[PDB]
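Take a look at the structure set out below.
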Amino acid sequence: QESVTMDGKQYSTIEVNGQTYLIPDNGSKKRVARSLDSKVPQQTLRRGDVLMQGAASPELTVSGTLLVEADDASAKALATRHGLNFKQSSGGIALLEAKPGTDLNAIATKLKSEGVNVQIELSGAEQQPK
């Protein structure tokens with residue numbers, strides 16, 4: 001049941017009682033400032049685009065006749081639209097004359113596509129008899 005609470009005593013200096021002290025010291029820290037290398041190395045010379053691919057063009061020349069299964073009323077209607085020329089019929093087909101440069105062969109593809117029986121004829125492709 002013993003208790004020996006002994007403590008030492010030392011002296012020291014320190015700011016107290018609302019005591020304030022300022023002592024700024026740099027020691028040749030910073031006196032001047034200068035260091036920047038901004039040149040922005042960017043120059044636009046040219047792109048450069050070349051093809052050199054071609055040296056030619058398409059082509060398509062054809063003209064003969066087209067047997068369309070329809071009456072005169074239909075012939076003239078096609079001759080004006082497609083640019084053909086209603087000449088005559090062969091009983092159940094009107095042989096129209098397509099203009100020079102028109103793909104009469106392609107036209108028949110638009111007709112038969114719906115269900116029209118037609119025949120691609122020519123006006124000087126086959127040979128004549130004796």
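Every number here is computed from the coordinates shown, using simple stated rules; none is lab data. When we count neighbours, we look across all protein chains shown, and the Cβ atoms used for this are built from the backbone with ideal geometry, even at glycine.
If you filter the stretch 98-130 down to residues that are closer than 23 Å to residue 61 by Cβ and of a type in the set (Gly, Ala, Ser), you find that the one that is surrounded by the fewest Cβ atoms within 10 Å (Cβ to Cβ) is 124.
Here is a yes/no grid of residues against (1) touching a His at 6+ places or on another chain (Cβ under 6 Å); (2) within 17 Å of residue 73 (Cβ to Cβ); (3) small (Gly, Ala, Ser):
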position	(1), (2), (3)
92	no, yes, yes
95	no, yes, no
98	no, no, yes
106	no, no, yes
110	no, no, no
113	no, no, yes
116	no, yes, no
123	no, no, yes
128	no, no, no
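Within the stretch 83-97, being farther than 16 Å from residue 125 by Cβ and surrounded by fewer than 20 Cβ atoms within 10 Å (Cβ to Cβ) holds for 83, 85, 87, 88, 89, 90, 91, 92, 93. Per the listing 75, 70, the residue uniquely touching a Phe, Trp or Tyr at 6+ places or on another chain (Cβ under 7 Å), surrounded by 10 or more Cβ atoms within 10 Å (Cβ to Cβ) and of a type outside the set (D, E, K, R) is 75.
Yes/no matrix, rows are residues, columns are (1) surrounded by 10 or more Cβ atoms within 10 Å (Cβ to Cβ); (2) among the polar types (S, T, N, Q):
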{"residue": "5", "(1), (2)": "no, yes"}
{"residue": "9", "(1), (2)": "no, no"}
{"residue": "16", "(1), (2)": "no, no"}
{"residue": "26", "(1), (2)": "no, yes"}
{"residue": "30", "(1), (2)": "no, no"}
{"residue": "34", "(1), (2)": "no, no"}
{"residue": "45", "(1), (2)": "no, no"}
{"residue": "51", "(1), (2)": "no, no"}
{"residue": "62", "(1), (2)": "yes, no"}
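Of all the listed residues (13, 44, 61), the sole one being touching a residue at least 40 places away in the same chain (Cβ under 8 Å) and part of a loop (DSSP other than H, G, I, E, B) is 61. For the stretch 92-124, filtered to residues that are of a type in the set (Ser, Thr, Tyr) and in contact (Cβ under 8 Å) with a residue 40 or more places away in the chain, the residue that is nearest to residue 67 (Cα to Cα) is 123. Among residues belonging to the stretch 78-119 that are in a loop (DSSP other than H, G, I, E, B) and β-branched (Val, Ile, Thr), point out the one that is nearest to the chain's Cα centre (by Cα). Here the residue is 102.
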